[PDB]
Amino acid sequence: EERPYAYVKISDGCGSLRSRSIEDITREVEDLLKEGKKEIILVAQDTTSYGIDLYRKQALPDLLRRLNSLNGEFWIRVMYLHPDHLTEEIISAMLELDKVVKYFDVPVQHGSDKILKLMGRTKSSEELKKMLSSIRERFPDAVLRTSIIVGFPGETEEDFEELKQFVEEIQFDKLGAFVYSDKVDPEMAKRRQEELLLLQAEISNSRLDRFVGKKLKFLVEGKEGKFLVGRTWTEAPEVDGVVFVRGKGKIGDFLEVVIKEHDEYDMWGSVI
């Protein structure tokens, strides 16, 4: 197709966890770069679990290093990270490798230790926060993307309160809020959902502000009249926002753009 990006399934297990070899995934990506792809998106149920069944260890670091060394200017984006398995080896590799975009897709589900334990999550809110802050400390512009579930059976005003300061302390760039489904009523669950989103809107906008008037790499994906449509490294395809830039360019090309304004998580800028 004419899309400048491609999804690469590094494993399809969880069914039994089955990882493809580093060499097989590498050859697939090489072929993709040969056909002009500029963004490689690594996917799986849990990308941080890659290699466990084949190399007897989390080989995501090794995989990224191999892909990073492939020839050319392109992006490597990882998605579906599981916080309980996001090791320092992975974080460091992602922050170290120049072609890996500092985009961290890690849904934490909640911020209350009580609810987290009830959901089966291992790491505690304090640990999650230390991990996330650690990333931001090494790379201030790091995009942190997560998903939250409000309305979980047993969620009390106290739990939701802990969640709010949790999201306030981390300052995620992107965060989705969903309501539980199959001990808590849906009435207050709605207020909590809109409150979480209401609070996050502030945070998401604040994060986007520090990008205004700044130079970012832009991947062209389409052309609509006098506008170029595409994404800056901070945006995954389809699930995030879009960037509108006025200027000349062809699909699949990397351009330098300066964001002038944003709205509803979408951005508007110009080619520089």
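Numbers for residues come from their place in the sequence shown, where the first is 1.
- Counting the unmodelled positions of the deposited sequence between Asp182 and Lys183 gives a long gap of 10 or more residues.
- The mean C-alpha temperature factor is higher for 122-130 when 164-172 and 122-130 are set side by side.
- As recorded in the PDB entry, 185-193 is the stretch of 133-141 and 185-193 with the greater mean C-alpha temperature factor.
- When the C-alpha B-factors of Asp159, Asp98, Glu73, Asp84 are ranked from the entry, the top spot goes to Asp159.
- When the C-alpha B-factors of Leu199, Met79, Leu116, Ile148 are read from the PDB record, the largest value belongs to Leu116.
- Among all modelled residues in this chain, the alpha-carbon of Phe218 has a temperature factor (C-alpha) in the middle third.
- Remark: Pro237 belongs to the lowest third of its chain, ranked by C-alpha B-factor as recorded.
- Residue-level temperature factors show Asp24 in the lowest third of its chain, judged at the C-alpha atom.
- Split the chain's modelled residues into thirds by C-alpha temperature factor. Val108 is in the middle one.
- In the deposited entry, the Cα temperature factor of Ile41 places it in the lowest third of its chain's modelled residues.
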